[PDB]
Structure formats: C-alpha cells, structure tokens
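Residue numbers (PDB author numbering), protein chains in the order written: chain C, 14 to 68, 77 to 242, 249 to 292; chain A, 343 to 587; chain B, 441 to 489; chain I, 1 to 107; chain J, 2 to 123. Here a beta-carbon is modelled for each residue, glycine too, at the ideal position from N, C-alpha and C. The next block holds one structure in the form of structure tokens; read it before the comments.
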Amino acid sequence: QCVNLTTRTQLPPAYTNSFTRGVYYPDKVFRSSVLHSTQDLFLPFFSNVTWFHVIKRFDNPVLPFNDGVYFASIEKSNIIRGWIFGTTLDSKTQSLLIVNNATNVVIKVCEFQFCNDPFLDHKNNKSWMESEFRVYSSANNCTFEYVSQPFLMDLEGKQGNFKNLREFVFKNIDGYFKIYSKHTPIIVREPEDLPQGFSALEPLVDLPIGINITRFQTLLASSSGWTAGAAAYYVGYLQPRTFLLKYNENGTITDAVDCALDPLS
Amino acid sequence: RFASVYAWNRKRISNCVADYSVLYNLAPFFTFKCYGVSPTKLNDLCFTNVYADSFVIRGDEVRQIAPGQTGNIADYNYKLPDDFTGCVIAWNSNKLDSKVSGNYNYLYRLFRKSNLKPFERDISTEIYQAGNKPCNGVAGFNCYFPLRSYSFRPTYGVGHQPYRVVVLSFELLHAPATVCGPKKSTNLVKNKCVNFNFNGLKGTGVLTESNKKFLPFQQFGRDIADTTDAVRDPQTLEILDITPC
Amino acid sequence: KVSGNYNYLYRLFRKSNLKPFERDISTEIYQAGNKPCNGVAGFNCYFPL
Amino acid sequence: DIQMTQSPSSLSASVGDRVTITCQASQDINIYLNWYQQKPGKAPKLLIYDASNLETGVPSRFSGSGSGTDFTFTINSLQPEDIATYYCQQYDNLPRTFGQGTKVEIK
Amino acid sequence: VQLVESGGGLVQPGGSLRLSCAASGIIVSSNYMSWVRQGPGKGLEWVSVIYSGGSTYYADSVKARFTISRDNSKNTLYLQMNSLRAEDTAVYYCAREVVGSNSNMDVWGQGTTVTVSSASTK
Ligand SMILES: *[C@@H]1O[C@H](CO)[C@@H](O[C@@H]2O[C@H](CO)[C@@H](O)[C@H](O)[C@H]2NC(C)=O)[C@H](O)[C@H]1NC(C)=O
Ligand SMILES: *[C@@H]1O[C@H](CO)[C@@H](O)[C@H](O)[C@H]1NC(C)=O
Ligand SMILES: *[C@@H]1O[C@H](CO)[C@@H](O)[C@H](O)[C@H]1NC(C)=O
Ligand SMILES: *[C@@H]1O[C@H](CO)[C@@H](O)[C@H](O)[C@H]1NC(C)=O
Ligand SMILES: *[C@@H]1O[C@H](CO)[C@@H](O)[C@H](O)[C@H]1NC(C)=O
Ligand SMILES: *[C@@H]1O[C@H](CO)[C@@H](O)[C@H](O)[C@H]1NC(C)=O
Numbered sequence: 014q015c016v017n018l019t020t021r022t023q024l025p026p027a028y029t030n031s032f033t034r035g036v037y038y039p040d041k042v043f044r045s046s047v048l049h050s051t052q053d054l055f056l057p058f059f060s061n062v063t064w065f066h067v068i077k078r079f080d081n082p083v084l085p086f087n088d089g090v091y092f093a094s095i096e097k098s099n100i101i102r103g104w105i106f107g108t109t110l111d112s113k114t115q116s117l118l119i120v121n122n123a124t125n126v127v128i129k130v131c132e133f134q135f136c137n138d139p140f141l142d143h144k145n146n147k148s149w150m151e152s153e154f155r156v157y158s159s160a161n162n163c164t165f166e167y168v169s170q171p172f173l174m175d176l177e178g179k180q181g182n183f184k185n186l187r188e189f190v191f192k193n194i195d196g197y198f199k200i201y202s203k204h205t206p207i208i209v210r211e212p213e214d215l216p217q218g219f220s221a222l223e224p225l226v227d228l229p230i231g232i233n234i235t236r237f238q239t240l241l242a249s250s251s252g253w254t255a256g257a258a259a260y261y262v263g264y265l266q267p268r269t270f271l272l273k274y275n276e277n278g279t280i281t282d283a284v285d286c287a288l289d290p291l292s
Numbered sequence: 343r344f345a346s347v348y349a350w351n352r353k354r355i356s357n358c359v360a361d362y363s364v365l366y367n368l369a370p371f372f373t374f375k376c377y378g379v380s381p382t383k384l385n386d387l388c389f390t391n392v393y394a395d396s397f398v399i400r401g402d403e404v405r406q407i408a409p410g411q412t413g414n415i416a417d418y419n420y421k422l423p424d425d426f427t428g429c430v431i432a433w434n435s436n437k438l439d440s441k442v443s444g445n446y447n448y449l450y451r452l453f454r455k456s457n458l459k460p461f462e463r464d465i466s467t468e469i470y471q472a473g474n475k476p477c478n479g480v481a482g483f484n485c486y487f488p489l490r491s492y493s494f495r496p497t498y499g500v501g502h503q504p505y506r507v508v509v510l511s512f513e514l515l516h517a518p519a520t521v522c523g524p525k526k527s528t529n530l531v532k533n534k535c536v537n538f539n540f541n542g543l544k545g546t547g548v549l550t551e552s553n554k555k556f557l558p559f560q561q562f563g564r565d566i567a568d569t570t571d572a573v574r575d576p577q578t579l580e581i582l583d584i585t586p587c
Numbered sequence: 441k442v443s444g445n446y447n448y449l450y451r452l453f454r455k456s457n458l459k460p461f462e463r464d465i466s467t468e469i470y471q472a473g474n475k476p477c478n479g480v481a482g483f484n485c486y487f488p489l
Numbered sequence: 001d002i003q004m005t006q007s008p009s010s011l012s013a014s015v016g017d018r019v020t021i022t023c024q025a026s027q028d029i030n031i032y033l034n035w036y037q038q039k040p041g042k043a044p045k046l047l048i049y050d051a052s053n054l055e056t057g058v059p060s061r062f063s064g065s066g067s068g069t070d071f072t073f074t075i076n077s078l079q080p081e082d083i084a085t086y087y088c089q090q091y092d093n094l095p096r097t098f099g100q101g102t103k104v105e106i107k
Numbered sequence: 002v003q004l005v006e007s008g009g010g011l012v013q014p015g016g017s018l019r020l021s022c023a024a025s026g027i028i029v030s031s032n033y034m035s036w037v038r039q040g041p042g043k044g045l046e047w048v049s050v051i052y053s054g055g056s057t058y059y060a061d062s063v064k065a066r067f068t069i070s071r072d073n074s075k076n077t078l079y080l081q082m083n084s085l086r087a088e089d090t091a092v093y094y095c096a097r098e099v100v101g102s103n104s105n106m107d108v109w110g111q112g113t114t115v116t117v118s119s120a121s122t123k
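Structure representation (structure tokens):
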C-alpha cells in the first residue's frame, strides 16, 4: 500500500557542533564514586551532528548505518512513529521494522519489499492519521515478531515551542541489536544551539536478531502532500573511542572526559 | 478429544523450558515403559524440537509401542526405528472419552499393504480391490474399506477400553538451545559460609543482609579489586550484602 | 552377536557418586520418590540393571 | 495365550430342539469372537462375524450373544444338511487359539 | 476366489517337501493370510500367519521349522518344513483372516493331509 508521491522540496541538512551527547551506560554494574576508564563504540566529542528539519516540506531519504547510530528528536507532538533498518530493503536482505503504534511497540524481522515513499501521513489535509499501513508490499520469508510496552507518547500535536527531546542510540555487536532510549522534558530554547547539558543514556532493551545491517530509514505519522508544521531531528554516527566516567555516590554518571581530543585531555 | 489413529495429532512443542513433573500428580499410577533415557533424568538432559504425537488406541496395542515389535497397528499405522530415543505416556480414559453408548468417532486404517517408514503420516482414502478386478465402488465383493471404527463402551474389559497415549521423542538436531530450563531454587540465607551461585556468579562467602540501593538496570556490584562484592538475588529483588568470610 | 548378546550389563539407578576404583553389586530394586515400595517391578520401582 | 473350554461336548440327542452351545475364555474377551463350521475332513465355512453379523443366505433361526469372557449360541432349526462340527476361535489377542471340540448329531 | 491344493505324499521323519496353496486371482504377495493345522479326532491348531509387510507369526511349538514364500504374480503360497520329528501327521488349511472389524467374506481353501512314520506306503 504505497504510491509514488515525490515532489519534495529537499534541502541539504545543517550541521550543529555537538557538545556532550553520545554517552551511554556500558554495562549493568554498580560502582559508586569510582573514576572508571573504558574503550568501546561511542559518539566522538565535538563532531557536528546532522540536523534535519521537516515542515509543505518533507524529507526522509535512506541514510548510512555505520557501527550504530544516535538519533534524537526535539518535538512535543511525537510525529516520528517508527524506523526501518536493513541493507537492501527490497525482499533480498532480512530487515527490521520497529514501529510504535497506539499503545504498544511492535518489532517485525522479515524479508521486506518496501516502497519508494515509506509514508504514514497522507489521508486528508491536516487531521493526522496512520494512513497506508502496508509500507511493505507483501509478507515474504519472515523471522521474528515482538510486541511490548510503548515508548513515551505526546498528546495531540504541538507546532513550535518543542519542550520534549527523545534520544535513542542504536547498535549491533555479535548479532545483538542494542537499543537504548532516554527522554528529557522542558526545552525552552526556541532558536537552535542544541542544549549544552549532560544527560546519561539509560539502556532500554537488547534483541538477539543475528542479521546483517548496512542502512536505515525513518517513518513519520489529501492523497498527495500534507499541511504539517515544524519538526526537527538529529542524526549522528558512532566510532570506537575511549572515555572516562565519574560515577556518583548513587550510581549515575555525572562527568566524563575524552582521551584522544586534546593534549590536556 | 484427541486425533484418531490414521492421522495422529501434530504438535511441535518448542521455545520453552524443561518441566515434565505435571504428569505425576495428574493421575493415579499408570504406564510409563520408558526405554531410551532413564525416567528420573527427564528434568535434566535437555533436547531440541520434541516430536509429540497424541492419539488414543485400545489397551491391546498400548504395550506394542516398543521398537522391534510389529502387528496390525504397530506395523501399518506407526513404525518406530530400533534406535528410538524418548518414550510414551499412556493412561486410561474410562470416564472422559468413553461414551456409554459407544464412541464411534475414532476410526483407524488397517489395509495399506505397505510397511511404513518411521515418522510420517499417510492418508489412504481409496478402496483396495482384490482379485485383479476393477471395483470402482464402495461396499462390494472383493473390495475392502480400509477405515474401521472403534467402540468405546464402558462395559468392556481391560484391553478394549480407551487409553490415551502421548508419544514423546527427543532428538539432537545439532543441539540448539530451544527447550532447556532447570529450576534449582533454594532460599537459604543462614549467615554461614556457602558456595553460592546467583545468576551464574560462582563464589564462596558468608551471605548476610544489607540495605544498598541499586538501580533496576544495575545488577552486579564491584569494588577496587574488580571483584563481585554486593549482588542481587534473581528470583527476588533484594541486595544481599558486601560480606566475605 | 547378531542373535542377541545380553551378557553385558550396566547400572543407571544409584543416586550416589563414586570414589575411584571400586565395584558395587546392588541387586536390590532402587526406590525413588520417598515412598516405601516394598515390592518388585512396580511403578517408580525399577530394576537397577 | 487363551485357554478355552466348553461343557456341551456331545449334543447328539438334539433332533430339532433347543440347543444352548457356548464358549468361555480364560481372560475377558471383547465382542470379537467367532466360530468355524466344518465337516469332518472339510474346510470350515463361516456363519458368524463379530458375534452379531450373519451370512448372505443361511437359515435365520440362529442366534447368539457374547459379553464378559463368554459367548452363547443357540440354534433351533436342526436341518439335516448342516451336520458338521462347530469350533470357537478368538482373534485380536495374539497368539491365536482354537477350540478343543464340540459334537452335534441328529437322530 | 477358489483355492487349489498342492502337495501330499508319505515321507519318513527327517524329510520334508513344499506345501502350496494356489489362489484363483487373489494376489498372494502383499496380502494377509494364514495356515492352520487340523488332526482327525482332535482340535484345530494354528501353523502360521503372514501379512503384507513380511510379519511372520507362529506358535512356539513349530519354532524354526517352517519357512514361507509368497509369489509375486503366480498366485501361490509355498511352505517348506524343517526338523521333522513325526508330529506333522495332520492336514493344513490355507485361509484368510475372517474379519478385522467388519467383513462378510466366506471363501476358504482345501489342502492335503500328510502322515510321517518310519514305514512308507505299503
Ligand atoms: C514468581 O512469580 C510468581 C507470580 O507470577 C510469584 O508468586 C507471587 O508473587 C507475588 C508478587 O511477587 C507475591 O506477593 C506472592 O507472595 C507470590 N506468591 C507465592 C506463592 O510465591 C512468586 O513468588 C515468584 N517467585 C519468587 C521466588 O518470588
Ligand atoms: C518514483 O519517482 C521517482 C522520482 O523520479 C523515480 O525515480 C521512480 O522511478 C518512480 N517509481 C515508480 C515506481 O514510478
Ligand atoms: C560537518 O562535518 C563534516 C564532516 O565531518 C565537515 O565536512 C563539515 O565541514 C562540518 N560542518 C560544520 C559546520 O562543522
Ligand atoms: C498496533 O499494532 C499491533 C501489531 O502491529 C496490533 O496488534 C494492534 O492492534 C495495533 N494497535 C491499534 C491498531 O490500535
Ligand atoms: C526462509 O525460510 C526458512 C524456512 O522455510 C528458514 O529456515 C530460513 O531461515 C528463511 N530465510 C531467511 C529468514 O533468510
Ligand atoms: C543520591 O540520591 C539521593 C536521593 O535520590 C540524594 O539525596 C543524594 O544527594 C544523591 N547523592 C549525591 C552524591 O548526589
């Protein structure tokens, strides 16, 4: 259930110099008030995260998935409902489909034959609906099905004054897809500039998929085009690096430094 | 109701744990006649992709499930290899599946004229004609209908009564971890030195009580020596202690 | 033997370990389930050989 | 093994009168139990299937019933052309066994 | 549907021949039949029973004595005897199982009677 919409007024994505984001809990271990050093896959410090904006204007091309990614969204309406992962996405390579619908999340691992415009918007002018459920053409040789508790939801739609930020980190090692989630409320910065704050990333779940992955895609939610407002999201890519961590007395990370950035570092 | 002899019920039990203790308290004493694996070691020695067949035959053919014994049903409805692994569980159904007027829903096929290969289901709807004569009909001379009907009258003696039997067979097809779950739970915090295992952390020490606060995603505790000192019990959600001997 | 060689036996019902280098002749029927069997060839009363 | 014996060994006094032949089994038997009717030195001819079924053309005065390790058979027409010997046989219980002998004669 | 006797003759103990029951159209390879034993003045006895799958069942008194052959298309069943200790002074009947659960066949077959003794035909 897809149509070739096209006619998208795309722009090159902007770049925002990241300050502190790109850190997560490496394990499930209780250490209190001990400075601990480690090396693993993370987001390097002071690398510019790619800022995408969607207004009218819509854009969601295929993007590379190298050593896991870090996705963030600054919103208060929760337009993005799911994502698409895989390599070919044309009924040749086994692919992921993790979408949050109604009040649950569903994960579907199968041979997926998608369409040129994976869209869920497009029923009327502005009344939002999950139109075109079948983004894939047919159910091919399938692998895995999963249903669980949903993520955070935003009531109705809010355009402007985005007070919520959702940050997720995606990775896969040894065929294990680790997905971690975090949410920060009350963002009062109307004109860009990131935040310049520190927020540790709590783990969410790990899934043993055991399949290859090279690219990824995102999903958002009369018959052509929509009257939609402002939406903004961030995409960054990982690298094997090394950091320090300062656990507090309770077990929460409160400070972190890098080793391969500055001679002072 | 279980499926009949000609088409046994198919149920491929997979993706679970190992627990077969529900058979002992289900019913009074009944027949087990286990041959391959010892009956006391079913909880351990896990396998993969158990091949379960459920069907009801009278008591005459219950003991004919052993490999190497042929007959009328054991030769022409269900054939077993001599290196068979696993065993069956059989019990009477004198009050549940036995009709006072005689249950005739159960049917079996005896005319196949072919020795069965192990572990398959064959359907023979056609009628066999004898004497090299074209029958092309039902209920005629020298033509025999393979299907025949059971009778489950409760006034019958032992051997003619219905007997529910489920065939359980265990095979290692490269042994993936599909159905393998122990239990081994023992709650004993006696403040004495013990070889403890909590969620696979082998160690020896004296287990006492503490009050450390752990985050839900934060299970193990370490120290300066990078050794496990404070742990959390898997069945419950209590942080035990940092206490060696 | 193609005709049947049953002269070789083995034990599989002891519920007890062994030290090195001993033989044990337990002809008695092993009882499992903590219920006194006091019989021969009964349910949960298996011959050890 | 089924050990089966019958009291009416020699029914030589019956001339068109009531006959009460029977067979008893050592163990309890189902409905499946039949008889062979053979002349001395001749192959047997069937008359009873599954203790309740009858042939195509035979006299209809024959009757029988079997339940609880015992079958009873009664005949009232003692026609002269059916002077033979009646035997019992049980099946569906290996090994197969056969009767020891019943004598019927008309004067 | 008829059956044909084949056999006979008087032999000393230690000698045996082939007894045969021939069919009149019925296939004798992949079917269920049996042979039974009868003696003058005594009860019936069961020699053997053969199924389509090759299952041979017989009494323990005639253990390792009788071997049975089924023809593919000659419509004849053969039996060879072994270890004759002069206990086969009897007649054999070649027959079919009367009923499994519901049947109305009533056809049977004949056969020869054999006597075994140290004295031959006089
Ligand atoms: C395993 O789970 C079961 C429930 O699925 C537990 O049974 C009850 O659990 C509640 C909540 O934890 C307790 O308040 C009850 O006291 C439990 N009842 C019993 C009889 O145990 C069960 O306790 C759990 N296992 C363990 C070891 O805690
Ligand atoms: C959809 O439109 C794009 C844009 O030109 C084009 O490249 C593609 O071939 C079209 N696909 C179909 C199925 O029309
Ligand atoms: C963003 O990063 C890319 C490569 O990492 C670089 O080419 C580009 O100049 C950067 N832009 C800004 C504004 O830092
Ligand atoms: C959400 O999706 C799942 C499966 O994808 C479905 O079972 C559930 O009904 C959906 N919720 C709706 C349609 O409200
Ligand atoms: C295709 O299906 C078969 C089962 O028919 C399965 O074993 C195989 O893994 C599947 N291939 C995939 C998921 O790539
Ligand atoms: C640990 O948490 C408690 C309450 O959650 C707080 O009062 C305390 O200040 C925290 N410890 C530190 C070192 O901040």
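Any non-hydrogen atom of ligand 6 closer than 7 Å to residue i Cβ
i: C:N185; result: no
i: C:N146; result: no
Cβ of residue i within 8 Å of any chain A Cβ
i: C:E223; result: yes
i: J:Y94; result: no
i: C:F43; result: yes
i: I:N76; result: no
i: B:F483; result: yes
Bridge-paired residues (DSSP) for residue i
i: J:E88; result: J:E88 pairs with nothing; no bridge assigned.
i: A:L489; result: A:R451
i: A:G545; result: A:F538
i: C:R210; result: Looking at the DSSP assignment, C:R210 forms no beta bridge with any residue, so it has no partner.
i: A:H502; result: Per DSSP, none; premise fails for A:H502.
i: residue 293 of chain C; result: Coverage of chain C is limited to positions 14 through 292, which leaves residue 293 of chain C absent and any answer about it impossible.
i: I:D70; result: I:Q24
i: J:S7; result: J:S21
i: C:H49; result: C:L272
i: C:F92; result: C:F189, C:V262
i: C:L117; result: C:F106
Check: residue i C-beta below 7 Å from any heavy atom of ligand 5
i: J:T57; result: no
i: I:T56; result: no
Residue-chain proximity (residue i, chain I), Cβ-Cβ < 8 Å
i: J:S21; result: no
i: J:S104; result: yes
i: A:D402; result: yes
i: A:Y492; result: no
i: A:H516; result: no
Short CB-CB distance (under 8 Å) between residue i and chain B
i: A:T382; result: yes
i: A:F426; result: no
i: A:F371; result: yes
Heavy atom of ligand 1 within 7 Å of residue i beta-carbon
i: A:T528; result: no
i: A:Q577; result: yes
Cutoff 8 Å: residue i Cβ touching any chain C Cβ
i: A:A572; result: yes
i: A:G378; result: no
i: A:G410; result: no
Residue i at chain J interface by Cβ criterion, 8 Å
i: A:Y498; result: no
Discussion item. Which residues neighbour ligand 2 when neighbourhood means a C-beta less than 7 Å away from any of its non-hydrogen atoms? List them by chain order.
Written reply: Qualifying residues, in the order they occur: C:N17, C:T19, C:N137.
Fill in: Check your reading: residues with Cβ closer than 7 Å to ligand 4 heavy atoms
Chain-ordered list of matching residues: C:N122, C:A123, C:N125, C:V127, C:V168.
Worksheet item: What residues sit near ligand 3, counting only those whose C-beta is closer than 7 Å to one of its heavy atoms, in chain order?
Response: In chain order, the qualifying residues are C:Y28, C:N30, C:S60, C:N61.
Discussion item. Any C-beta of chain A within less than 9 Å: which residues of the stretch 262 to 280 of chain C qualify?
Written reply: Answer in chain order: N277, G278, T279.
Worksheet entry | the stretch 78 to 98 of chain I: positions lying closer than 9 Å to chain A by Cβ | For the stretch 78 to 98 of chain I, which is checked against every Cβ of chain A, the residues closer than 9 Å are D92, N93, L94.
Practice prompt. May I ask you to list, following chain order, the residues of the stretch 6 to 34 of chain I that have a beta carbon less than 7 Å from some beta carbon of chain A?
Written response: Considering only beta carbons, the part of the stretch 6 to 34 of chain I lying closer than 7 Å to chain A consists of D28, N30, in chain order.
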